[PDB]
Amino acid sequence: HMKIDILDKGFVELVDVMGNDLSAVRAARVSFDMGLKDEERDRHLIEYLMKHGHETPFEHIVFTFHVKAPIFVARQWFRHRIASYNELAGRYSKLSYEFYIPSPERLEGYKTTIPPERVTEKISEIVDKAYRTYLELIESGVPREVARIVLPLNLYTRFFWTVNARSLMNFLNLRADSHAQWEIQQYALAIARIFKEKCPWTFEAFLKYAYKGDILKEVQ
């Protein structure tokens, strides 16, 4: 399965896809009592739909992703309501020692009082302390669902995300953009790469006509 590594331990992996660029063409064409034509006319229809704001045809393309991301990223991500999610449960599972530790380069462009290496160090220290406490509470008989509340927001979680191309393009608009947090931008770049490989005509037409973000026009 197409699998892209993000951050220090994160990833985005394509589990499944229904349909392709031509799923959008077939759906749009029914309006005119038509179906598919030639490659040239069909690709141009996709561009036509994107340039004029016909978004519903792209709902017939659907993806399922498997994502590992820090909780603070997942919290932003799961704000996208037009999608389906299933997530690893801190209530039911003993959580693994896996946390996002920013690299020193993460603080490029910020004048900092202490070296970036020290920032990285201080984050790690809280992480180890919290995790040790989490395991101590569990070992003492403290229910998992309570023990986990001391764990920090950089804890990695895992989830399945099923989402259609229209909602995926909203996601890219809002998250593949320099206003979203850098961490989620990185995940959105991987989503974009998988989308482009499966639906190249829709992706290129989106970038050309419909996409509102900045970064995907800059970064291949």
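Throughout, we count residues from 1 along the sequence that is shown.
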Exercise. Using the B-factors recorded in the PDB entry, average over the C-alpha atoms of 166-174 and of 29-37, then report which stretch comes out higher.
Key: 29-37
Practice problem: Look over 188-196 and 38-46 in the entry and identify the one with the greater average Cα temperature factor. | Solution: 38-46
Quiz item: In terms of the CA temperature factor given in the entry, to which third of its chain does residue 101 belong: lowest, middle or highest?
Solution: middle
Quiz item: What third of the chain, by the recorded C-alpha B-factor, contains residue 92?
Solution: highest
Quiz item: Would the CA B-factor of residue 110 place it in the lowest, middle or highest third of its chain?
Solution: highest
Exercise. Using the B-factors in the PDB entry, rank residue 119's C-alpha atom against the chain and give the third, lowest, middle or highest.
Key: highest
Self-check item: Position of residue 84 among the chain's modelled residues by C-alpha B-factor, lowest, middle or highest third
Solution: lowest
